[PDB]
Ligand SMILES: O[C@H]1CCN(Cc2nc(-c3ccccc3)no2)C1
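What follows is a single chain, given as structure tokens, in the form deposited without this ligand.
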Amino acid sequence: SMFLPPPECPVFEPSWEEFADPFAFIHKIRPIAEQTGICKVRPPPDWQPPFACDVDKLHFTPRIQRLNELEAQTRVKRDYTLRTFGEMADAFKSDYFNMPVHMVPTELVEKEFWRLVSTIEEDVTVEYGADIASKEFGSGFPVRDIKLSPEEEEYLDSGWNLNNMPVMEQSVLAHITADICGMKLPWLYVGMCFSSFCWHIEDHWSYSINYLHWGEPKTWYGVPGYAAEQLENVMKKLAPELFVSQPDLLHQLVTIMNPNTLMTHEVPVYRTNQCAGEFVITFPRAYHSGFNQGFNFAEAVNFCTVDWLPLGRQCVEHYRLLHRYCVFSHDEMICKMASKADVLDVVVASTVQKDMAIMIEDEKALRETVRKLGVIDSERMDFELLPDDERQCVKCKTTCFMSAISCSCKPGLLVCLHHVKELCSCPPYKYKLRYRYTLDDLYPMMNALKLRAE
């Protein structure tokens, strides 16, 4: 009547055998989980990575959150220790409900969350130790360093240790040399009751995986990848200010929005309470949001499998159409892998090869098109050496790598080959095609991949 909880997302309890390789398991559940956007994974009962930290030596400054449905917030936006945050968090929840914190039913905190965010008269604010970069404060998982206990050593090399998962073989973001520290390094989240994360999808439509180390549950809502644009259409009509164009990736606009609103518009939505020791996995382009039930501690990281590669290319195209900034060049990543074809996993090699083929056929067509526009002069250019802000298309902000157009008239400016007419007002013959590779360089790179794929 007031809040109708979405149906539960899938929950998986893998045997030790299935659990042994996370990527195999994720590929296995994919047909199910991608229909719901998020899923929950319970590790085998004895898989218990030790969390050990001094609650007095980790400091952080949390984000302040107003709890206001449809109100805009920035995706990335007073000082606490873990102990002092915990004391604040427990007292807040305790005083809010006038009860002990583990007597407050999760269904009631959920009902109450959606009540207070929709009520203008309430101005509840909370704090969230969010997007704490694990570089400074350190992972909740064991990492190599002082001296580690034998049980910690058991978990050092686990695939499910979220420090490992980025840099494993079945992962694609591994051999990226470019700076993508926002997508390779785990983030830490210190939650309190009602602290929340707005509806979003991951950069470049990657997967994500979120582990709750300890504390009270984290409540999730998720939408499957296929419904991403449905969700966005619903959201555009109700909160169009979220969809205005805007510079940098440091300001993307996001919001809290009731799942029942989406369900009313026939957008499929699923839910779960993630408890301590459980993983949530989000699939490519799966919108998700949620809130914490109480004091807790989670750790999350992005990753990319071979399944994702074509979506990665589609995302960058979609970014271009939106005039949105890229975190990295997808083509640059593909070529880097091609250049390391001999040491690639063979299934990876085979999949990169397929994407590269499309890349090369698209590049060929784009180059013919700009030649017919009267761009004649050309010069090779090592795009990967340019800082990103020095190789974005003036028009669509895409990060150039395969090629770009420059002009003597507007020195330093580039456009991608889609936006040749947007570079300057000089005639075409004054333009130059800057290219990383000739077509003849490219076919051997692809063929290296083919030999490796056998």
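The first residue of the shown sequence is 1; numbering continues from there. Note that the rigid core is defined as the largest set of C-alphas that superpose within 1.5 Å between two forms.
Keep in mind that the form solved in complex with this ligand is not shown, yet the notes after this line are about it.
The site on the displayed chain is open: this ligand, placed by C-alpha superposition from its pose in the deposited bound form, has no atom within 2.4 Å of a backbone or C-beta atom. Taking 83, 380, 251, 364 one by one, only a single residue has any non-hydrogen atom within 4.5 Å of this ligand in the deposited bound form, and it is 364. Residue in contact with this ligand in the deposited bound form (any heavy atom within 4.5 Å), chosen from 116, 373, 234, 360: 360.
With the partner left out here, this ligand still marks one of 170 to 178, 240 to 248, 96 to 104, 365 to 373 in the deposited bound form; by a 4.5 Å heavy atom cut-off that stretch is 365 to 373. In the deposited bound form, at least one heavy atom of residue 402 sits within 4.5 Å of this ligand. Put simply, residue 23 is far from this ligand in the deposited bound form: not one heavy atom of it is within 4.5 Å. A residue is said to contact a partner when one of its heavy atoms sits within 4.5 Å of a partner heavy atom; residue 15 fails this definition for this ligand in the deposited bound form, lying far away. Residue contact with this ligand in the deposited bound form: residue 442 places a heavy atom within 4.5 Å of it. Shown here without this ligand, the chain has 437, 438, 439 in 420 to 440 lying with a heavy atom within 4.5 Å of that partner in the deposited bound form. No residue of 107, 241, 368, 136 other than 136 has its CA displaced by 2 Å or more between the shown form and the other one when the core is superposed. Relative to this form, in the deposited bound form the C-alpha atoms of residue 299 and residue 134 separate from one another by 3 angstroms or more. Inter-residue distance, residue 253 to residue 133 (Cα): increased by at least 3 Å in the deposited bound form versus the depicted form.
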